[PDB]
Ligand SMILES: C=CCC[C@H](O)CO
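Shown next as structure tokens: one chain only, the form deposited without this ligand.
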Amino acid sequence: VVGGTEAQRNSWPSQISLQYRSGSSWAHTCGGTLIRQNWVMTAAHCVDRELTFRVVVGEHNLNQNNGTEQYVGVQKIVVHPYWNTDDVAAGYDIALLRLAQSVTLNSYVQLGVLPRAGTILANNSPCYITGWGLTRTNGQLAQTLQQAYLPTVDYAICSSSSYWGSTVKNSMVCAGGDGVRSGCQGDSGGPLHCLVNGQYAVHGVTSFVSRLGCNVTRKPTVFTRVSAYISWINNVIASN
């Protein structure tokens, strides 16, 4: 997250860190959202490489013991049937990970609230992006979970020429674009939390930024619109 601030430990309890095994250690690659005790939602581009993955829930500082972490293996990956690695701009950047065990819920580990199917946010709706990604374009990962206020930019403005044009589809949410705050590499797969009827719900899965940089004026961070995939999510949970 570029232009963020450090989050409190208990503010975003559905946030997970998706890590892969690197030698004898584990490295953070992507965010995700816990949606059932044994299911995580993330971006399909995060699991394109056939690596050994684990999920950490109750995480706050990547590099030091918080006393709240639970570490569980990924047992099954289900990416959307229409995902194409060679075209993230086509959409369908979403995958569901079945965990090897059920995690225990407590004040650090809670399920993410999903929107109702078809829900579209009005322009400039208040949302927060959270993650441990790069704090600058071509920078380094955050040690502690970061958050930034990222108001939505509706489809009509975001698909205009001055912004993303044709690259953004209606199956996506755009948020930010002020040149200061944005998602950045390592935030992918994580939540865009938006306040709807007094409740924060996860309306976006972070998908991409400009190849020119993370915080680029009129290139908002783009998210998979979760409310476009509610039937698919439920059909995968109910059969696996």
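All residue numbers are counted from 1 along the displayed sequence.
There is another form of the same protein, the form deposited with this ligand bound; it is not shown, and what comes next is about it.
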- Would you confirm whether the three residues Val40, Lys76 and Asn240 all fall within 4.5 Å of this ligand in the entry with it bound, going by non-hydrogen atoms? no
- Answer for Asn63 alone: is it within 4.5 Å of this ligand in the entry with it bound, judged on heavy atom distances? yes
- Query: So, in the entry with it bound, is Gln19 in contact with this ligand at a 4.5 angstroms heavy atom limit?
  - Reply: yes
- State yes or no: in the entry with it bound, is some non-hydrogen atom of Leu195 no more than 4.5 angstroms from a non-hydrogen atom of this ligand? no
- Message: Taking any heavy atom pair closer than or equal to 4.5 Å as contact, tell me whether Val103 reaches this ligand in the entry with it bound.
- Response: no
- Checked 32-55 against this ligand in the entry with it bound; residues with a heavy atom within 4.5 Å, sequence order, are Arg54
